[PDB]
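Each remark here refers to the structure printed beneath this line.
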Amino acid sequence: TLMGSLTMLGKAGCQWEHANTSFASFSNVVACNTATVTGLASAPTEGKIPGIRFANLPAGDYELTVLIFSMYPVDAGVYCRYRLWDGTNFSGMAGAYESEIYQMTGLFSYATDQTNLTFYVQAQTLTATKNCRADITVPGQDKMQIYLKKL
Amino acid sequence: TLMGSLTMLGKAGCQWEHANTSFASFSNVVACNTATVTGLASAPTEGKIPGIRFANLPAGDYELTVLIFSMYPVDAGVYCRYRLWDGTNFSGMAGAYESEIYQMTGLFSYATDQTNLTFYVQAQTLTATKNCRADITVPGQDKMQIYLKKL
Amino acid sequence: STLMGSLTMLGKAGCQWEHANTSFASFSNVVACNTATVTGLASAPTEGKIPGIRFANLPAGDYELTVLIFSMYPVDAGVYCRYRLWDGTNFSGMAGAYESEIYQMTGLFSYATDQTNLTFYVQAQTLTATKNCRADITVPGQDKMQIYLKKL
């Protein structure tokens with residue numbers, strides 16, 4: 001069932017955020033721990049970000065789960081939408097407003113074998129200049145686990 | 001294993017609500033898109049609602065997942081309870097108060113093969129006349145994905 | 001079957017667990033709670049009627065642990081509580097609450113070798129000393145707790 005997984009332990013400085021009003025992925029942050037991967041999974045070519053890469057994935061139905069402590073809008077009074085994104089399709093949209101997100105789940109289907117397939121956490125802020133954040137800065141506490149189940 | 005799935009893409013006017021103080025399913029809204037189904041799944045006989053039907057389902061243990069952006073109480077100051085319901089048992093109860101639900105998960109088991117088995121999202125308001133809502137009115141942003149896994 | 005086992009506890013007046021540990025801690029036995037119902041490999045935790053599930057044995061592999069519970073929350077306004085799933089060695093599925101509730105937790109756990117006497121716990125931590133974090137299933141016919149482990 002487990003196609004692959006990716007685990008990133010918290011580390012000072014490992015915080016992703018942007019104020020894009022359109023959905024956008026996060027980008028590499030040098031301070032992050034390298035993620036440990038298993039199975040068919042690898043780090044995204046974009047580097048240390050909330051995401052997971054499958055160089056090869058067979059046709060089929062998949063459930064993607066992101067466990068992250070945690071994601072939230074940085075400022076009060078700001079609404080942030082988050083989604084899981086494979087470059088083409090999205091699933092598992094969620095929102096945060098003076099609140100946090102700790103888990104996202106998405107359903108994805110492929111009729112043909114995939115190559116170089118990356119799943120991303122994306123976010124959009126509903127107030128320009130106000131950031132949406134994914135935060136694993138506290139060692140020993142914060143953690144991200146991403147894993148893909150073949151159904 | 002993925003027993004079946006049901007996907008409805010968002011569309012203006014496709015929102016469900018009621019103000020029942022007893023748990024109740026939502027009812028057909030004609031503006032909604034026709035859902036697409038895979039595997040053993042079909043649309044509820046009640047029509048375009050948050051739910052999924054299995055004309056036949058083997059004995060077994062099953063995890064039901066509902067991904068939906070989004071469900072919320074229409075008015076501020078109003079508490080809404082939501083549950084997953086198979087006609088006999090409930091699972092995965094959640095609440096909302098000036099807040100949203102994006103996902104629901106339930107565990108259901110059957111000792112014998114089932115026929116005409118429908119799973120429903122149900123809701124109950126804690127203030128009469130004040131509605132609980134499920135809302136997929138924004139095309140390209142909102143979507144409902146319901147799927148059942150055999151454990 | 002990938003369902004290694006499950007544990008179910010139906011709501012009952014007085015079945016509420018709470019503490020104010022500033023460090024992550026499990027809950028302890030509450031006498032007013034219903035006894036749990038279990039399936040598969042699972043058993044009730046040796047600590048008693050608590051948010052948790054026990055696996056007297058579990059083969060090496062990868063597992064997803066789900067807790068469905070209506071509900072967990074900080075007792076007081078203005079207090080932040082963290083919850084996490086714990087197997088005595090590692091944690092997963094950390095969640096938080098603040099004038100809000102938790103209804104589901106999910107964790108990913110892996111074992112390179114066969115496990116014996118393995119218990120999974122819901123643990124909590126308050127960020128305001130002396131202010132309780134609670135798991136509440138005191139309403140009969142409405143509240144309940146379902147815990148289950150799936151082999152991946």
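Convention: chains lettered A, B, ... in structure tokens order; per-chain residue numbering from 1; ligands numbered from 1 as shown.
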Post-fit chain A coords, all in-order Cα pairs vs chain B, as an mmCIF file with C-alpha atoms, in the first residue's frame:
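Output contents, as saved in part_24.cif:
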data_model
loop_
_atom_site.group_PDB
_atom_site.id
_atom_site.type_symbol
_atom_site.label_atom_id
_atom_site.label_comp_id
_atom_site.auth_asym_id
_atom_site.auth_seq_id
_atom_site.Cartn_x
_atom_site.Cartn_y
_atom_site.Cartn_z
ATOM 1 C CA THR A 1 -8.471 -1.124 -1.657
ATOM 2 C CA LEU A 2 -10.649 1.464 -3.469
ATOM 3 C CA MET A 3 -14.239 0.136 -3.520
ATOM 4 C CA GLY A 4 -15.502 3.231 -5.323
ATOM 5 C CA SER A 5 -15.415 6.967 -5.429
ATOM 6 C CA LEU A 6 -17.636 9.927 -6.264
ATOM 7 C CA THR A 7 -16.453 13.381 -7.396
ATOM 8 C CA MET A 8 -18.577 16.527 -7.680
ATOM 9 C CA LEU A 9 -17.014 19.699 -9.142
ATOM 10 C CA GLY A 10 -18.285 23.041 -7.877
ATOM 11 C CA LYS A 11 -21.015 24.890 -9.770
ATOM 12 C CA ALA A 12 -23.048 28.043 -9.133
ATOM 13 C CA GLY A 13 -26.118 27.209 -7.095
ATOM 14 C CA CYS A 14 -24.720 23.937 -5.716
ATOM 15 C CA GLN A 15 -25.216 24.649 -2.012
ATOM 16 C CA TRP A 16 -26.956 22.359 0.531
ATOM 17 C CA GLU A 17 -28.286 23.584 3.891
ATOM 18 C CA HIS A 18 -30.947 22.977 6.505
ATOM 19 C CA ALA A 19 -31.852 24.033 10.016
ATOM 20 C CA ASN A 20 -32.869 20.629 11.372
ATOM 21 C CA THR A 21 -32.192 20.362 15.160
ATOM 22 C CA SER A 22 -32.054 16.550 14.615
ATOM 23 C CA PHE A 23 -29.430 14.947 12.321
ATOM 24 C CA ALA A 24 -30.677 15.006 8.745
ATOM 25 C CA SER A 25 -29.188 14.443 5.315
ATOM 26 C CA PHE A 26 -29.299 17.051 2.594
ATOM 27 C CA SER A 27 -31.468 16.648 -0.524
ATOM 28 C CA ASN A 28 -31.142 16.974 -4.287
ATOM 29 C CA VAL A 29 -30.093 20.347 -5.699
ATOM 30 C CA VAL A 30 -30.782 20.613 -9.447
ATOM 31 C CA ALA A 31 -27.946 23.097 -10.134
ATOM 32 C CA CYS A 32 -25.172 20.707 -9.065
ATOM 33 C CA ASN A 33 -22.845 19.030 -11.504
ATOM 34 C CA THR A 34 -23.580 15.363 -11.862
ATOM 35 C CA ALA A 35 -20.956 13.476 -9.873
ATOM 36 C CA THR A 36 -18.608 11.172 -11.699
ATOM 37 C CA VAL A 37 -18.365 7.794 -10.006
ATOM 38 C CA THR A 38 -15.902 4.906 -10.209
ATOM 39 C CA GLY A 39 -15.704 1.310 -9.088
ATOM 40 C CA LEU A 40 -18.694 -0.048 -7.154
ATOM 41 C CA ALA A 41 -19.947 3.457 -6.323
ATOM 42 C CA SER A 42 -23.050 5.183 -7.736
ATOM 43 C CA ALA A 43 -25.029 8.363 -7.126
ATOM 44 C CA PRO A 44 -27.497 8.136 -4.192
ATOM 45 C CA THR A 45 -31.004 7.467 -5.378
ATOM 46 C CA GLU A 46 -31.865 10.727 -3.656
ATOM 47 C CA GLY A 47 -29.821 12.533 -6.330
ATOM 48 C CA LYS A 48 -27.161 15.242 -6.112
ATOM 49 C CA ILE A 49 -26.324 15.407 -2.385
ATOM 50 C CA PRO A 50 -23.300 14.856 -0.106
ATOM 51 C CA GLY A 51 -23.394 11.066 -0.159
ATOM 52 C CA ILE A 52 -22.345 7.954 -1.995
ATOM 53 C CA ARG A 53 -24.161 4.721 -2.843
ATOM 54 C CA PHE A 54 -22.985 1.085 -3.108
ATOM 55 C CA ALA A 55 -25.661 -1.128 -4.671
ATOM 56 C CA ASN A 56 -23.528 -4.070 -3.505
ATOM 57 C CA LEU A 57 -20.791 -4.138 -0.837
ATOM 58 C CA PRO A 58 -19.210 -7.299 0.616
ATOM 59 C CA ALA A 59 -18.935 -7.957 4.327
ATOM 60 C CA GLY A 60 -15.845 -6.314 5.803
ATOM 61 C CA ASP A 61 -14.293 -3.218 7.339
ATOM 62 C CA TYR A 62 -14.315 0.101 5.519
ATOM 63 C CA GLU A 63 -12.944 3.578 5.914
ATOM 64 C CA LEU A 64 -15.100 6.279 4.316
ATOM 65 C CA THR A 65 -13.518 9.650 3.520
ATOM 66 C CA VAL A 66 -15.304 12.852 2.513
ATOM 67 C CA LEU A 67 -13.181 15.727 1.252
ATOM 68 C CA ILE A 68 -15.369 18.779 0.783
ATOM 69 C CA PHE A 69 -14.476 22.425 0.488
ATOM 70 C CA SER A 70 -16.445 23.257 2.482
ATOM 71 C CA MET A 71 -19.087 22.899 5.191
ATOM 72 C CA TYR A 72 -19.912 25.488 7.868
ATOM 73 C CA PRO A 73 -22.709 27.123 9.858
ATOM 74 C CA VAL A 74 -24.174 30.000 7.951
ATOM 75 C CA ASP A 75 -24.521 32.355 10.912
ATOM 76 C CA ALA A 76 -22.115 33.501 13.588
ATOM 77 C CA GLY A 77 -22.685 32.217 17.090
ATOM 78 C CA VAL A 78 -24.238 28.991 15.740
ATOM 79 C CA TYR A 79 -22.881 25.499 16.446
ATOM 80 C CA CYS A 80 -23.381 22.732 13.870
ATOM 81 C CA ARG A 81 -22.662 19.015 14.288
ATOM 82 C CA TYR A 82 -21.950 16.848 11.246
ATOM 83 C CA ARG A 83 -21.722 13.068 10.990
ATOM 84 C CA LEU A 84 -21.252 10.280 8.462
ATOM 85 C CA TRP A 85 -24.283 7.989 8.395
ATOM 86 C CA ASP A 86 -25.054 4.680 6.607
ATOM 87 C CA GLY A 87 -28.741 4.486 7.520
ATOM 88 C CA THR A 88 -27.984 2.516 10.710
ATOM 89 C CA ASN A 89 -24.640 3.577 12.180
ATOM 90 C CA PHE A 90 -22.635 6.771 12.283
ATOM 91 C CA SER A 91 -18.914 7.566 12.444
ATOM 92 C CA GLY A 92 -16.640 10.585 12.116
ATOM 93 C CA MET A 93 -18.683 13.173 13.987
ATOM 94 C CA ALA A 94 -17.389 16.767 13.745
ATOM 95 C CA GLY A 95 -18.545 20.209 14.814
ATOM 96 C CA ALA A 96 -18.239 23.740 13.464
ATOM 97 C CA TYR A 97 -18.686 27.077 15.175
ATOM 98 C CA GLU A 98 -17.564 30.156 13.218
ATOM 99 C CA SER A 99 -15.364 27.595 11.498
ATOM 100 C CA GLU A 100 -15.493 25.129 8.623
ATOM 101 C CA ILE A 101 -15.125 21.402 7.992
ATOM 102 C CA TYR A 102 -13.032 20.146 5.053
ATOM 103 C CA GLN A 103 -12.625 16.417 5.705
ATOM 104 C CA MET A 104 -14.595 13.723 7.494
ATOM 105 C CA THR A 105 -13.574 10.130 8.010
ATOM 106 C CA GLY A 106 -15.582 7.227 9.342
ATOM 107 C CA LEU A 107 -15.101 3.567 10.151
ATOM 108 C CA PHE A 108 -17.869 1.109 9.283
ATOM 109 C CA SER A 109 -18.134 -2.675 9.646
ATOM 110 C CA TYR A 110 -20.555 -5.185 8.120
ATOM 111 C CA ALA A 111 -20.795 -8.843 9.060
ATOM 112 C CA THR A 112 -22.912 -9.669 5.990
ATOM 113 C CA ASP A 113 -22.917 -8.510 2.366
ATOM 114 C CA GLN A 114 -24.854 -5.241 1.952
ATOM 115 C CA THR A 115 -27.292 -4.157 -0.789
ATOM 116 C CA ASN A 116 -28.435 -0.631 -1.564
ATOM 117 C CA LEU A 117 -26.115 0.882 1.027
ATOM 118 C CA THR A 118 -25.830 4.708 1.006
ATOM 119 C CA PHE A 119 -23.427 6.792 3.102
ATOM 120 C CA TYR A 120 -24.639 10.337 3.862
ATOM 121 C CA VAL A 121 -23.204 13.485 5.332
ATOM 122 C CA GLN A 122 -25.778 14.558 7.937
ATOM 123 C CA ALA A 123 -25.912 17.753 10.017
ATOM 124 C CA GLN A 124 -27.814 19.261 12.936
ATOM 125 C CA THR A 125 -27.995 22.914 13.981
ATOM 126 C CA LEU A 126 -27.945 23.785 17.652
ATOM 127 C CA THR A 127 -30.051 26.961 17.072
ATOM 128 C CA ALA A 128 -33.503 26.538 15.509
ATOM 129 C CA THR A 129 -33.975 28.489 12.223
ATOM 130 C CA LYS A 130 -30.148 28.788 11.757
ATOM 131 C CA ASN A 131 -28.792 26.784 8.833
ATOM 132 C CA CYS A 132 -25.948 24.295 8.599
ATOM 133 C CA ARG A 133 -24.436 24.383 5.099
ATOM 134 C CA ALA A 134 -22.356 22.364 2.652
ATOM 135 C CA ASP A 135 -21.100 24.643 -0.092
ATOM 136 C CA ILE A 136 -19.496 23.865 -3.451
ATOM 137 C CA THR A 137 -20.794 26.888 -5.387
ATOM 138 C CA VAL A 138 -17.516 28.200 -6.861
ATOM 139 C CA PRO A 139 -16.471 26.510 -10.167
ATOM 140 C CA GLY A 140 -12.817 25.681 -10.465
ATOM 141 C CA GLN A 141 -12.344 26.080 -6.693
ATOM 142 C CA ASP A 142 -14.867 24.077 -4.688
ATOM 143 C CA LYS A 143 -15.009 20.309 -4.933
ATOM 144 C CA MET A 144 -16.332 17.231 -3.161
ATOM 145 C CA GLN A 145 -14.543 13.850 -3.313
ATOM 146 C CA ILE A 146 -16.015 10.838 -1.492
ATOM 147 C CA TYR A 147 -14.343 7.469 -1.447
ATOM 148 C CA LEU A 148 -14.599 4.118 0.341
ATOM 149 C CA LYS A 149 -11.533 2.023 1.221
ATOM 150 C CA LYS A 150 -11.850 -1.666 2.092
ATOM 151 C CA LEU A 151 -9.513 -2.424 4.998
#
Could you pull out the residues in chain C that DSSP calls strand (DSSP E or B) from the backbone, as JSON, numbers by chain? {"C": [3, 4, 5, 6, 7, 8, 9, 10, 16, 17, 18, 19, 25, 26, 37, 38, 39, 40, 42, 43, 52, 53, 54, 55, 56, 57, 58, 61, 62, 63, 64, 65, 66, 67, 68, 69, 70, 71, 72, 73, 74, 80, 81, 82, 83, 84, 85, 86, 91, 92, 93, 94, 95, 96, 97, 98, 102, 103, 104, 105, 106, 107, 108, 109, 110, 111, 115, 116, 117, 118, 119, 120, 121, 122, 123, 124, 125, 126, 133, 134, 135, 136, 144, 145, 146, 147, 148, 149, 150, 151]}
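Interatomic distance, CA of residue 70 in chain C against CA of residue 45 in chain C: 19.8 Å.
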Excluding range 85-94 of chain C and any residue of its chain fewer than 6 positions from it, enumerate the residues within 7 Å of it, using only C-alpha atoms, and give them as a ChimeraX atom specification. /A:67,69 /C:105-108,118-123
Produce a table with one row for each residue of chain C that has an atom at most 12 Å from any atom of chain B, each row naming the nearest atom pair and its distance in Å at one decimal; use only C-alpha atoms; arrange rows by chain and rising residue number; format as a Markdown table.
| residue | atom | partner | partner_atom | distance |
| --- | --- | --- | --- | --- |
| C:1 | CA | B:151 | CA | 5.9 |
| C:2 | CA | B:151 | CA | 5.2 |
| C:3 | CA | B:151 | CA | 5.4 |
| C:4 | CA | B:151 | CA | 9.1 |
| C:5 | CA | B:61 | CA | 10.3 |
| C:6 | CA | B:107 | CA | 9.6 |
| C:7 | CA | B:107 | CA | 11.0 |
| C:8 | CA | B:107 | CA | 10.3 |
| C:10 | CA | B:91 | CA | 11.3 |
| C:39 | CA | B:61 | CA | 10.8 |
| C:40 | CA | B:61 | CA | 11.1 |
| C:64 | CA | B:151 | CA | 11.8 |
| C:66 | CA | B:105 | CA | 9.3 |
| C:67 | CA | B:92 | CA | 9.5 |
| C:68 | CA | B:92 | CA | 5.9 |
| C:69 | CA | B:92 | CA | 7.4 |
| C:70 | CA | B:93 | CA | 6.0 |
| C:71 | CA | B:94 | CA | 7.9 |
| C:72 | CA | B:94 | CA | 10.8 |
| C:73 | CA | B:95 | CA | 11.7 |
| C:99 | CA | B:97 | CA | 10.2 |
| C:100 | CA | B:97 | CA | 8.5 |
| C:101 | CA | B:95 | CA | 7.8 |
| C:102 | CA | B:94 | CA | 8.3 |
| C:103 | CA | B:94 | CA | 5.8 |
| C:104 | CA | B:92 | CA | 7.8 |
| C:105 | CA | B:105 | CA | 10.3 |
| C:106 | CA | B:105 | CA | 10.6 |
| C:137 | CA | B:93 | CA | 11.6 |
| C:141 | CA | B:90 | CA | 10.3 |
| C:142 | CA | B:93 | CA | 8.6 |
| C:143 | CA | B:93 | CA | 8.0 |
| C:144 | CA | B:91 | CA | 8.5 |
| C:145 | CA | B:92 | CA | 8.9 |
| C:146 | CA | B:107 | CA | 7.8 |
| C:147 | CA | B:107 | CA | 9.2 |
| C:148 | CA | B:107 | CA | 8.6 |
| C:149 | CA | B:151 | CA | 10.0 |
| C:150 | CA | B:151 | CA | 7.4 |
| C:151 | CA | B:151 | CA | 9.0 |
| C:152 | CA | B:151 | CA | 10.1 |
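Near residue 20 in chain C, within 7 Å and counting only C-alpha atoms, sit residues 125, 126, 129, 130, 131, 132 and 133 of chain C; same-chain residues fewer than 4 positions away were not included.
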For C-alpha atoms, I'd like the residues from the last selection saved as a PDB file, in the first residue's frame.
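Saved file result30.pdb follows:
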ATOM      1  CA  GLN C 125       0.130  19.336  26.689  1.00  0.00           C
ATOM      2  CA  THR C 126      -1.169  22.701  27.927  1.00  0.00           C
ATOM      3  CA  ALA C 129       0.199  26.101  33.487  1.00  0.00           C
ATOM      4  CA  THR C 130      -2.750  24.844  35.637  1.00  0.00           C
ATOM      5  CA  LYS C 131      -5.184  25.061  32.644  1.00  0.00           C
ATOM      6  CA  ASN C 132      -6.553  21.687  31.557  1.00  0.00           C
ATOM      7  CA  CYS C 133      -6.644  20.013  28.174  1.00  0.00           C
TER       8      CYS C 133
END
Report, in Å with one decimal, the straight-line distance from CA of residue 27 in chain C to CA of residue 48 in chain C. 9.8 Å
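The residue that comes closest to residue 113 in chain C, out of C:32, C:41, C:9, C:60 and on the basis of only C-alpha atoms, is C:60.
Between CA of residue 19 in chain C and CA of residue 65 in chain C the interatomic distance comes to 23.2 Å.
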